[PDB]
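To start, the structure itself, in structure tokens.
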Amino acid sequence: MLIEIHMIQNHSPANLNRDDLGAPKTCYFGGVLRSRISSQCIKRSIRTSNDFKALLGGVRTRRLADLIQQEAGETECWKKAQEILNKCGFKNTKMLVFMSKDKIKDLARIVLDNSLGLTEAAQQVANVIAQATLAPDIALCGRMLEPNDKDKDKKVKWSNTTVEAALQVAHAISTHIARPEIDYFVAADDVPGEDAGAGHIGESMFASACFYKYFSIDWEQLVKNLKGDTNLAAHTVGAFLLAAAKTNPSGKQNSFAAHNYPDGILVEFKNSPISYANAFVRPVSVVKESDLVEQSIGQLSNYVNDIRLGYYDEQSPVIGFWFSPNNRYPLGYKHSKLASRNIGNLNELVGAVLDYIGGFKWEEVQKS
Amino acid sequence: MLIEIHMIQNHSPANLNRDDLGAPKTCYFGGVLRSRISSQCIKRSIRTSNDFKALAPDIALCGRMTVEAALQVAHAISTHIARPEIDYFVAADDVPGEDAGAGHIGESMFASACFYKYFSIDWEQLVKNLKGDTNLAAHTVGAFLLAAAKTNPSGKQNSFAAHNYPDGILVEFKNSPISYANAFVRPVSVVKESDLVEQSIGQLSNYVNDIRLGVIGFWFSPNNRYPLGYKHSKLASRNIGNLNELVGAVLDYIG
Amino acid sequence: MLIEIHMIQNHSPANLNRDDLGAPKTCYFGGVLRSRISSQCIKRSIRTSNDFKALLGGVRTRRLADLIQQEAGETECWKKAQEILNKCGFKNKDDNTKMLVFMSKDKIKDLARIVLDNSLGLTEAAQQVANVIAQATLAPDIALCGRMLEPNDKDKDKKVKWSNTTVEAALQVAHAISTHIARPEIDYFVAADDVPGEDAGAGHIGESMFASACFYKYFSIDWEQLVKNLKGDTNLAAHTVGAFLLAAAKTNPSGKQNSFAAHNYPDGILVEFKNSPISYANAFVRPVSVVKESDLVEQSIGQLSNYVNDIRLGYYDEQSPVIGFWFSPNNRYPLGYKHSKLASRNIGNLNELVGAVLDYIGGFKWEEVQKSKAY
Amino acid sequence: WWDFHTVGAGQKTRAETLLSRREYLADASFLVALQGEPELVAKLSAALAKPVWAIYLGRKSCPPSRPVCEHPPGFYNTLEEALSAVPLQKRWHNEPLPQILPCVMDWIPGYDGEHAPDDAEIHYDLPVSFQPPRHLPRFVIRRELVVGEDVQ
RNA sequence: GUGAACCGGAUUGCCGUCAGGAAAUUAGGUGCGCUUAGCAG
DNA sequence: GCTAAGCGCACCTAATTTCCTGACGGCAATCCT
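This is the structure:
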């Protein structure tokens, strides 16, 4: 069972993702230029969201020695931590390591701070590194890491470390043609001079686009990554939905405060993943009546209708929920009165999704 | 008799197949560089599918050490010029440190294209290794049709969720194996009044109409979204708007 | 807690912002051309305003040596101060540094004292200057706008180490987009020569570009981060918030205002308190088409009210209600008549609205936060 | 054009991935003419028109984009006359035509003797058995055909 | 079924977070739509 | 149930070329020795 989240979101003039040159990320889809927001950007924005404060339990850092030393008021053990990390298979303050936070803190404190040998200490810390996957963040994003076999001692053996991701996020492509724009700026000098010129001259780049965002959560894999704690998986699904709905990429937000919420969310439950990106192969051209968001929602509804009347199996009918704030933007605005469970509240949508996965209530997670 | 399946699938910006350097698999055709998904990639995408798991199983459909598997698949040739792109990425350290930036700061390669997929499965030899089980042979042909319709390569899919389904599938029963890659010798240039998928389907229709004018074929599009010829003349045998009835029509034509 | 200021304001025909070619700035929002006022321009207008004069102190200059000389008095040492800055990591081009330095104006005295002594060497003086500069973040404008400073590592003394020089920005300002199809107009001007002469022509022929639009401006202030940036000075943070509100309401960009006196006050200000930032820019994806039976500002306010109601009823229905204050001058333009309950209060005075915001923040009178002055 | 192919083979078990790189000719067209007694040629054409097995272009993943039997058998005295008789069809009005036309022809032994010169290239593409796998060498000579010099 | 039959480059990743094109301008000068008529035995 | 024609002007004069920022992080594979 897959939880598919399709969102239609329009953003104010902003630069939420740029390359080395500072221009907003773009891609070609359907032969035309499209504005693009990278998948890992949305993944991190959901990751560091205010709604994931109760589920952020994994850390991706290269200065693990600093983290270990931080949990010691006076027990100065930092050179030993670096040495044991280096002998574990890292080589410099190292390569990126992804695993839990409290687990590594407690286990490193009880292992590497004890006066004992070295090689087996490296083995124990390696086992702790591999076995620290009890984090919803790792369960969603997944991880893998294989230390170099040259620097690592032959006395250190690694168990299986590949964590299969339960979340698939697509790159947010614009539903219409991309129009990059140049914002030419100056930097005023406060002290008057003999020239009366700016302290700096430059060109900023920004773009405003209606993005189609696609998320896909594998319920079975999310449960497997968290083992029998299925309630934790339900909480993770709900928190991910809330974060994706209410959190935006933290790009040049101080200069471009584009904090717009999506105008339509389609949560669909099927056993196979479907991307509705082909709904917008033809760029959406705005006309006198209606708007860009309305036309994008109409095109998406048309494509969903053709998909349902196309690839359809009577054995496992696909159900779905449509969300629009206070029913502002309907899906089947003109003829498609097929969705009988249109919702005009995000919390009601979360409750409906949780009920469909199982006997899960949003308040039921307040028991641990 | 021969069963030939042609698909027109438009994929979202993704990295479905990769070389050693990380670039998307590429090809040259018509004097134009073109994106490519390898045939073995599509064949492996067909295998290991949960849709079928839920004679000798796993032997008749794919041989294992002859068997001489009857299903063949061509390389996915894009209809237009390949447009590789740079994905500049960094991996954050999300801790307060003396420096900034922690990841490999690489440059991922990706491209989006509308691929022409050619599948040719011969009924005779698939019957030959099925010991004459015509019903089972038709069942496995239908299962492979469903898989190829609703499966995608398991490439860099967690960051590029490209699960788009084909907008047009055409099944013909001609005697000789003819691939319609030459329909796209001229690369498709998108015009303001049309889209890439519609133009590609139109070029395929033009190629089908040509040569022959100077056999029959089943045309499937989801809910008849892209018609292969908007006329009442004898151009397409049946316009099918649903996949399951397309498989049914293929099955009772074969048997 | 976040302080969200949403403003609907119509401007007279003017050119408040322009690019290198002189045309008014434009953006493509919702697939249609709009009129844009950059966030930097609004930030500078608020910063260099009468209502924000008291809460100044941050100076962003490439001419730090001039300030050090002015503060030190008649003791020369300008060249030696410039060389100290040069060793610190600020290369000069001719007489000013190659990069801008943001710093509190209260530490110019410390810099002058550190330069003026003769007991200290050169590496020590550069290190002390760097320490003073990196620790000068107390100014309210530095707290609101933030700072980044990357000294030239190559042209720097080896034995000079920089501490953390970045301060988080507690203020988020969006570009002021228009609520309708922004059409630009070309003004054909001529320069007349007073001397008759014999040509009987004109001194100069040119083309000027201007546009009039109803702008939607969005501000976001982080209360906790503003308090942290000032090191727990809650009274100073409240004064900063109040003066920022008054400035954003009462000052406009000073671009071509001698010829285009676009000094129009906002026709509606919505102040909302929430834990997450929400922008109502999607209220105007449809460009507002003026109808005969209504007004452009009234139509924009109605569309904004409809979108605000939709967002409140579809995103913010939890155990924690969102409290918002709506201001119009003498209640000239209220919110949508279909609801009449969207805003918690409908204040008709700007000073009363500022007082209400200050009271709700933590409990603060305007008089007791204006009373913090040095004299 | 080069293709990077990886084989997982069989997946007690270990990480064994075969390394391979294939070479492909992109945007190429070839014409193959075989000379023999008429009945065998007629039967060959008849069976080509009704292929009982999935034919390809060297590898199973290379299907024919044009019919193999598009050009029908005919009576032509020499291979040069057969090659020159068929006109060349231009894809569009203004395209760069190939001024050089490589060709491959079988080396005629004629009477007994007449050994091939040192300038004749060798080619091992005649299979007789694959246990041990051996291919008998063959001699290939190269010729030229140019359009616009014999037809006005 | 001829360098061909068995044949995935598989996974981890926010550039983030500095910024007033501003101080200059009269399109100023010229002018008749104008000559013809019963909505009535 | 349907009246037409002549006539429609020239342009001198179009401002100011280095005011433009720095830094940190960039495999892990060695797929019959």
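Residue numbers (full-length UniProt numbering), protein chains in the order written: chain A, 1 to 92, 97 to 372; chain B, 1 to 54, 138 to 148, 166 to 314, 322 to 362; chain C, 1 to 375; chain D, 79 to 89, 119 to 259. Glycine included, C-beta positions come from ideal geometry on N, C-alpha and C.
Taking all protein chains shown into account, D/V148 has fewer than 16 neighbouring C-beta atoms within 10 Å of its C-beta and is therefore exposed.
Where A/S35 is concerned, the enclosing beta strand (DSSP E) starts and stops at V32 to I37. Separation of A/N152 and A/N86 (C-alpha to C-alpha, rounded to the nearest whole angstrom) is 10 Å.
Annotation: the continuous beta strand (DSSP E) that includes B/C214 extends over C214 to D222. A/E185 reaches chain C at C27 and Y28, counting residues in chain order whose Cβ is nearer than 7 Å. Within the region 232-300 of chain B, the complete beta strand (DSSP E) segments of 3 residues or longer fall at 268-272, listed in chain order. Across the structure, A/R62 and B/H204 are spaced so that their CA atoms are roughly 11 Å apart. Counting only residues of its own chain and dropping the five nearest sequence neighbours on each side, D/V85 has a CB closer than 6 Å to the CB of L125. Per DSSP, A/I142 is one residue of the alpha helix (DSSP H) stretching across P140 to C145.
Counting along the chain, D/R245 sits inside the beta strand (DSSP E) bounded by residues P240 to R249.
Taking C/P287 as the centre and dropping the five residues before and after it, the same chain places the C-beta of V32, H180 and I181 closer than 6 Å to its C-beta, in chain order. Sequence-ordered contacts of the region 260-278 of chain B with chain D read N275, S276, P277 and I278 [C-beta pairs closer than 8 Å].
In this structure, the beta-carbon distance from C/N50 to C/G255 does not fall below 9 Å.
For D/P171, the residues of chain B that pass the 9 Å Cβ criterion are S276, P277, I278 and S279, in the order they occur in the chain. Per the Cβ contact rule, the region 183-193 of chain D is not in contact with the region 195-212 of chain B (fewer than 3 Cβ pairs under 8 Å).
DSSP, read as helix, strand or coil, puts C/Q9 in strand. Sequence-ordered contacts of the region 48-71 of chain A with chain C read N50 [C-beta pairs closer than 8 Å]. Between C/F327 and C/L350, the gap from beta carbon to beta carbon is short of 9 Å. For A/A176, the uninterrupted beta strand (DSSP E) segment begins and ends at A176 to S178. In the structure shown, the three-state DSSP call for D/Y231 is strand. Distances from the CA of B/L304 to each of B/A283, B/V291 and B/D295 were compared; the closest alpha carbon is that of B/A283. At a cut-off of 9 Å between beta-carbon atoms, B/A248 makes no contact with chain D.
For A/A211, the nearest CB of chain C lies under 9 Å from its own CB, placing it at the interface with that chain. In summary, the residues of the region 339-358 of chain A whose CB is separated from some CB of chain C by less than 7 Å are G348, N349, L350 and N351, in the order they occur in the chain.
Comparing alpha-carbon positions, the option among B/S289, B/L358 and B/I347 lying closest to A/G314 turns out to be B/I347. By the C-beta density criterion, C/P321 is exposed, having fewer than 16 other C-beta atoms within 10 angstroms.
With contacts defined as CB atoms closer than 9 Å, B/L138 and B/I221 fail to qualify as a contacting pair. Residues of chain B with a Cβ closer than 8 Å to the Cβ of A/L313 are, in chain order, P329, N330, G348 and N349. Taking the CA atoms as reference points, D/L233 sits about 13 Å from D/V247. Using a 10 angstroms sphere on the CB of C/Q319, the tally of other CB atoms stays under 16, which defines it as exposed. Any Cβ of chain B closer than 9 Å to the Cβ of D/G88 would place that residue at the interface, and such an atom is present.
Residue-level contact check: B/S39 touches chain D, since one or more beta carbons of chain D fall below 9 Å from its beta carbon.
Using beta-carbon distances, B/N282 counts as an interface residue toward chain D, with a partner under 9 Å.
C/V290 is positioned such that its CB atom lies no closer than 9 Å to that of C/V357. When Cβ pairs closer than 8 Å are counted between the two stretches, the region 4-13 of chain B is seen to touch the region 255-267 of chain B, the count reaching three or more. A/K159 counts as exposed, since fewer than 16 other beta carbons sit within 10 angstroms of its beta carbon.
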